[PDB]
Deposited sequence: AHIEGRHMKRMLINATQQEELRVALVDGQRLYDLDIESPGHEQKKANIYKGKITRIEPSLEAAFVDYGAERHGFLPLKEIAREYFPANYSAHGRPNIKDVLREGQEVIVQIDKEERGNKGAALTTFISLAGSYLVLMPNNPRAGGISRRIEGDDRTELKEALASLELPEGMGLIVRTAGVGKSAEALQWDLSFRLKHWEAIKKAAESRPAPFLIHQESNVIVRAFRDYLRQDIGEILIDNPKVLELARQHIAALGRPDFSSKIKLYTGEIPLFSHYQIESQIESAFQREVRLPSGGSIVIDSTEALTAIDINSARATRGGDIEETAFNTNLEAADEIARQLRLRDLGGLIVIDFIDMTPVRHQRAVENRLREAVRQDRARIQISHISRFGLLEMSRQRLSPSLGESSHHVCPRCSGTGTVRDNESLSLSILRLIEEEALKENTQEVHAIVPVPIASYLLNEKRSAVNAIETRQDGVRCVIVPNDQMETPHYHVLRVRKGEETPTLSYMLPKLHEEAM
């Protein structure tokens, strides 16, 4: 029955566990955004940067891996439709910010347009081209009055001009202090570290509609206060209240299950059905099942599914392409209701999203900007049994596979023996079910020994086949082979 406005919106900060600081936005008991931080974020850090290798170009900002820099992102003041081999010389030093953190193998997006975020404004020092209103918001007037050689945040709504000036200045101080520690050293160095998860919250998530800001630990709270004030949000001060229940905070507000759902592949919807979220090389793919009038059911579920998808998108910090497979509905009107629901349900999201109509296949494609790395990238690792595939090849299939591999290697001229080192049950199978087979191979391709040793240090999909050439063979024992061959 969720209607925005009915209940309070609190920001719950849970800081009783050293190893995972947690910030929830909750509306009533509905978790609608989560942020965790563990002893950490590198986005928005600024660096003195030396160009590595134009081939836009790559960079050494000090990290184990160089960063990526787009021609689009080079500056006017840093430029001594042209080719980059023109504006920037190798080894050339330049001020650099991180737009996108390191994902998989990519370095990072860096930009020489540098942006500075405060409570109410965002200085764009390195560019006048971009600046103006929060597409979300008397201020066009208050804006002009300001000095400069920038943008106003969704949070200036309830404030005057001095405050913007108060902000605008502090920003500048930074900018100055910024290009000063830049004119004062070698090139490959960190200049500015982004604020931590609590600051960021206070800076970026404090709409006027945030009722309270609860906190489960005193030390932090205190830290919290100083953070507000220093942050120019004096008003909120009264709002920060220390929680002291025996029952844990996120638990009292009944949001831990919801936090967990961020981690499941399936997520149950209100009326019963569910969504399954599956990630893949290319894209994330969400699918949708009904629970128990048909046409109705399909509609209603898809509607729930939209709302949920919208928040899962956020909790799991999901970025890039996303392909949703809504239940199929005949009435075109339904198809629009549903896309609309979706658009509606993602309006609060801070990330740029782009949605799109249900295809004739019943698929809906969308895209959501990478704000930060996702759950799965940052709190999961690739299942090391299957190596991402989520399946394991049945035993025979694999065995017969291996058998063939064995004969092939047996065929090569100059072969003395072949050692197949393999999961136990494979060995069982090759050495019973397929005994004759292996025999045949051995009688046929002649004086070639086929060793197939079982090995409990292996599970099925993994195995090795080695080929031992006439000459190189030893008097080793079958079961001693795995260790002998441990260097491979």
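Deposited-sequence ranges lacking C-alpha coordinates, in sequence order: In sequence order, the gaps with no modelled C-alpha are 40 to 41, 58 to 61, 87 to 93, 151 to 156, 169 to 172, 316 to 320, 517.
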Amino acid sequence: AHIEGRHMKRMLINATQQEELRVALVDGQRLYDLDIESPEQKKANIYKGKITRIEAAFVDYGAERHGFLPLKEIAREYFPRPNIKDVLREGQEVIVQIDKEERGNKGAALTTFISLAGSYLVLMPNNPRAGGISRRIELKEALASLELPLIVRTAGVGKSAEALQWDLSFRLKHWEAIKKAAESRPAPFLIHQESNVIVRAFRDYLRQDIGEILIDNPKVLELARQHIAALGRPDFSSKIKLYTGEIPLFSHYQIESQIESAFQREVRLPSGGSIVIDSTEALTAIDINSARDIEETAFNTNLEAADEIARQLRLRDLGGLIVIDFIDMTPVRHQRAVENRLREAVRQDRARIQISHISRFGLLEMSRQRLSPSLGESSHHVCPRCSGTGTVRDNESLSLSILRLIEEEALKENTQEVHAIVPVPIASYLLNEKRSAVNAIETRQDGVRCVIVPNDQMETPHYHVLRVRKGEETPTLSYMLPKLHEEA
From here on, numbers count along this sequence of modelled residues.
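Per the entry, higher mean C-alpha B factor between 231 to 239 and 124 to 132: Per the deposited B-factors, the answer is 124 to 132.
Mean temperature factor over C-alpha atoms, higher-scoring stretch between 386 to 394 and 409 to 417: Higher mean C-alpha B-factor: 409 to 417.
Of the residues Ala161, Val220, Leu375, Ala305, the one carrying the largest Cα B-factor as recorded: The C-alpha B-factor peaks, among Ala161, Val220, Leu375, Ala305, at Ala161.
Deposited CA B-factor, highest of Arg30, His462, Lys434, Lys50: Out of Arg30, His462, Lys434, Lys50, the record gives the largest C-alpha B-factor to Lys50.
Record-listed C-alpha B factor of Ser478: chain third: Within its chain, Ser478 is a middle-third residue by C-alpha B-factor, going by the deposited values.
Chain-relative CA temperature factor third for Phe202: It belongs to the middle third of the chain when residues are ordered by C-alpha B-factor.
Among modelled residues of the same chain, the CA temperature factor third for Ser119: Tercile = middle for this residue's CA B-factor.
Assigned third (lowest, middle, highest) for the C-alpha B factor of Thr244: It belongs to the middle third of the chain when residues are ordered by C-alpha B-factor.
CA B-factor placement of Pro39, once the chain's modelled residues are sorted into thirds: Ranked within chain, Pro39 CA B lands in the middle tercile.
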